[PDB]
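Chain lettering (A, B, C, D, E, F, G, H, I, J, K, L, M, N, O and P) follows the sequence in which the chains are written, and residue indices restart at 1 in each chain.
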């Protein structure tokens, strides 16, 4: 009873969703996940690129808009990741080739419920 | 037995529902979820935009009516989110194109049962 | 064995029911759910508006009769909610347009079994 | 082994039944459920009014005969409830309109098996 | 290993049966259920009155022969109940109107298997 | 590993059988069920009286031959019961009216498989 | 890992068979069931007497040849039983009336498979 | 992970077969079932004697050739059994009366699949 | 290091067992528990009398064979006790009424493991 | 996750086949079933001898060629078996009587699919 | 650090086992438990006599072969004990009545692991 | 979530086919079944020899071409088998007698679908 | 910090195994357990004799080959033991009667892990 | 309460994903996993190479781009690994042979949630 | 804080595996387990000999190649052991009888994780 | 609070995988497991040799490339092991007999987190 230092009770959630995007003349910055709890947040998951005309980019951004990690994906593959202190995950679709990009996204996130 | 500091027993619930909205001449601010327990509340989930004439906006608001996060969705896609200290989640449908917007919404929320 | 402070054993129940209401000349205040355990009660659920001549209102009231939350619904949509310390949930049907309003209601409630 | 304070083992049961009542010249006070364990009893359920000449009343009474909650129902609707420390639930049928009232009733009750 | 205080292992059974009774000149006290384990016994169920010349009475008695609860039933209805510390449940058929009374009875009982 | 106190593993069985008895000049004491495990035995079930010239008696006896419970049945009815520490259940058919008595009997019994 | 005290894994089997016996000048002791696992054995079942000139006796014996239970049956009836620590079940047919006795027998037995 | 004591996974099989035997001048010792897993084996079943000139004997033997149980059967009857630690079951047909003996045999056996 | 006075390390064990006894013509002195460590021994527990023709006696004896405490029990009851410096606990069954007495016995004993 | 001790997943198959053999001047050793998984194998089944000039022998052999069990069969009968750790089952037909032997064979085998 | 007097670390184990014995012409002295650590050993447990032709004797012996305690048991009962400084526990079966005696035995023993 | 050790999901298939072969001057090695999954494969089935001039051989081979099992068949018979870790099953037809050999083949195979 | 006298950390393991032995012309000395840590070792367990032609001997030996304890067992029984400072436990099977002896063995051993 | 040195709460996650890559004229550096928490990170898992024209390389890189470990894989095999302080895991596909490479990847990672 | 003497944290693992060996002309020295941590290692487990032409030898060796313990096994038996300071456990198969030996091996090992 | 000597929190993981290798003209050194945490690492497990033309070798190597333990396996058998301070475990397949070798591998490893 000597401290007003409460414990940190961390909890975990999971969410999966498919994503799609049609590029005609302009590039797309399709956001797949976002949060406002960037402080003390960790997320593990994958992004699956199933069908699409061309390679796409997977980028992770923090609250300041800067890029934490960027990767390149070709149709029919997957990328796994584990990130901390990020505000959003998104896929950049170039305006070069017009067409439909489709895929899936799974994430599980741990954060303090305090 | 030295403290009158009770423990915080956090609990989690889940709810899913479809949403629809018909725009004729005026914009719509279709609210999908609301609560009065904004203090110590976290919600993880997704919003799915299935069919609609035009892009829609997904916004999250706190008790003061301000905007915490705003995103843009195109027909046939999904957006995942994890938010804290919010009062409502809603979709803004512009008055530009008249028609019917349809989609789905899933959320799971953690809050103290104290 | 130093305390006469018993633990709080919280329990959860669930109930779903359809609702209907015929307006002819007078407004209706159709109550969908009520309880007498407003202290330490939380309820999560949804109200579905399926068919009806006009928009309806969904209101939540406490034991003093005041309004905690009020929302507006159009035919064919749903609204999700999570509320605490409320005495009743009801739908207000205006007397403007005469006709039949039909829908569904689901709630799951947590309360102490102490 | 320091206490003769036994634990409270709470249990839950469920029962559903249809109800009917024919009013000719006198009002009816059709009781749908009753118990003698009012201390530490909670019940969640619904009452469905299917067919009937006129609106009916749903009342909940404690062991002293007083009214805890009273609601009004129109034919073809339902009412959900969660009550504690009650002795009976009943439907009052007025003597104004003669005819047959029919409906359903579901309840699930939690009580200590101690 | 400090106590010779064994645990109470509660178990539940269920039984349903139809009942009939022909009144000619004398009242009938048709017993539907009985037990010799009145201490620590709880029973939840219903009694259904299907066909009969006149209203009947449903009574619940303890080992001393006293009445715990008494209700009145009209043909074509049902009554739900949850009782504790009772020795028998019975239906009283008046000698006023001669005829056949028929119905059903369901009960589920919890008791310690110790 | 401090105790040679083994657990009590209780098990349940079920058996149903029809019964018949022809009375000519002497009363009959038709036994429907018997056991030699009266210590820690509980049985729940029913006895159905279908056809017969006259009312019959249903009696339950313990190992000492004494009567635990006795009830009276008329043709076309049923009686439900839950008994403990009994050695047998039987139907007494009076010698007054000569004829054939027929019926059914269901029981489910719990006992330790120790 | 402190004990060489293995668990008792109890198992249950079932067997039904018809029985017949022709008495001419000598009594018959027709055995219907037998076992060599009398220690920790329990059996629940019934014996049905369908056709026969005269009443028969149903007896249950242990390994020492003594009688545990004896009952009397008349043609066209059944007897239910639940017995423990028995070696055999048999029907005694008297030599008084010559003729054929026929019936059925069902048993389900629990014993340790250890 | 403290023990190299594997669990005992018991399994059960079933087999039924008819049996026949023609006696002319010598006795027959017709074996109906045999096994080499006598340790930890239990078998429940029946032997049916349908047609035959004379009574037959049913015997059960262990690996040492000794008799565990012996019973006598007359034509048109059945015998049920439950045995443990036996090597074979057989029917002995005497050489007294020449003729054909026919019948059936059912067994279900439990043994460890270790 | 000034003393060769070792400490007394007291330990506790527990044991429960059912008891039975058949009286035919002679009284029975059924011993339920015994020990050879009467010096510095204490035992707390209960004796349960479940079924029996007549009242029984519960006696506690020391090493000299004298009686420390004697009580009388009727069928269906229990007696709790805490005794010190005793050699045995037993139940005396009178020869008056012939029959079977059955019950249970629990004890937990503390003694020095010196 | 402390052990590299995988579980044993046992599976069962079944196969039935008729068998025939013509003896002219030499004995026949007609093999009905064989396997190479003798370690941890159990088989339950039957061999049916339908038509044939003379008695035949049924033998079971292990990988070393030794005999585990041998039985004798006469035409028109069956033999049931349950064997473990065997390599083959065969029927020996003597060269004494020339002719055709015909029959059937059923087996169901359990083995680890590891 | 003034003493070479090590502490006594006492430990406890448990073992349960069934026992059987067949008497034909000679008495049996079936030993159920034995040890070579009689100095500073204490054992608490029970012996259960389930089935048997006649009363048996339970005796406890020390290393010199003398008897510490002797008791008499009848079929279907149990005896609890707590003994110190003993070498073996055994059951004496008289040669008077030939037959099989079966029962169970549980013990938990404390001894120094020094 | 501590292991990257996936489960082994075993699946089973079945295939039956007739086989024929005409020998003129050279021996035939007619292959009936083959696979490339010899690791962790088990197959149970039969080979039926219906018509043919002479005895044939049934052989089972592994990936190295060696023989696992070889058997001999005469016309009009069948052979059952259960094999593991084999690459092919074949029938060898000698060049001695010219003619047509015909028969059937059934197999059911279990393998991991991992 | 005054002593280089480390503590003795005692640990316990458990192992169970079945045993078998075939005697033809010579006696067998089947060893069930052995160790090389005889100093400061204690083992508690049982040996079960299930099936066998004749009585067997159970002996315990130390590193010098001498006998610590010897007991005699008859088929179908068990023996419990607790031993210290032993090198092996074995069963001696006499050469008198040829046959197969089968049984089980459980031990739990404590020893210093220092 | 003497230290501001918080504890390190380590947590573990798991992710599995298939990977594919089509080489035409240029080498591929297909990244399977990446993270930004290289400090205090450990990952255990495997990479499975199922189908592909030629051997591939598996490399693990840290934040500076250097190689920690490199291995070579041939089609149809797997490689297990446990690595610490790495930024990414990737497969290098040579430009020599054009074609499609496919496989799987499983990892479980431990990191501090501080 | 006076010592740089760290504690010894002992841990335990378990591993089970089947073993096989084919002897043709030369003896086999099939090693079942090996380690390089012989200092402060203890292992408890068993070796099971299931099928084989002849007796085999089980030997345990230390780092110097010397024999710590040697035992002899016959087909169908098991041997339990507890060993310390050993480098390997192996089975010696003689070259006398050619054939396949099969069996199982379980071990659990304790060692310091320091 | 007198020491900056933190505790060692040891953790354990498990991984199982099948292995295959086709030898045509050259010997193969198929690596089944590898790590970069050789200091304070212990691994217990087994290697199963199911099908193959000829005996294979199982070797365990440390960071310096030296051999800690080497064993020989014949088709259809298993070998259990418990090793410390090793960098890799591998199977050597000789170039003598051409063919496919297949088997399984299970390991559970303890290391400080």
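Keep this in mind: contacts are C-beta pairs under 8 Å (C-beta built on N, C-alpha and C of every residue); 3 or more make two chains touch, one makes a residue touch a chain.
Asks: Moving only from a chain to one it touches, give the least number of moves from chain F to chain P.
Replies: 4
Asks: Hey, which one of F-I, C-D or H-M is the same interface as B-C, over half the contact pairs lining up?
Replies: C-D
Asks: Which whole number of Å gives the spacing of the CA centres of chain B and chain F?
Replies: 63
Asks: For chain H versus chain K, what separation do you get between their C-alpha means, in angstrom?
Replies: Result: the chain centres lie 39 Å from each other.
Asks: State, to the nearest whole Å, the distance from the C-alpha centre of chain A to the C-alpha centre of chain H.
Replies: So the centroids are 69 Å from each other.
Asks: How far is the middle of chain G from the middle of chain M, if each middle is the mean of its Cα atoms, in Å?
Replies: That gives a centre separation of 43 Å.
Asks: Where in chain F do residues touch at least two different other chains?
Replies: Residues 1-4, 6 of chain F touch two or more partner chains.
Asks: In the complex, go through chain D and note every residue touching chain C.
Replies: Within the complex, chain D contacts chain C at residues 2-3, 8, 10, 42, 44-46, 48, 68-69, 71, 74, 76-84, 108, 110.
Asks: What does chain A use to touch chain B in their complex?
Replies: 1, 9, 11, 13, 15, 17-22, 30-37, 105, 107, 109, 111, 113
Asks: In their complex, what parts of chain F are in touch with chain K?
Replies: 1-4, 6
Asks: Where on chain J is chain O touching in the complex?
Replies: 2-6, 38-40, 62-64, 85
Asks: What residues of chain M sit close enough to touch chain G in their complex?
Replies: 12-14, 16, 44-46, 80, 106-108
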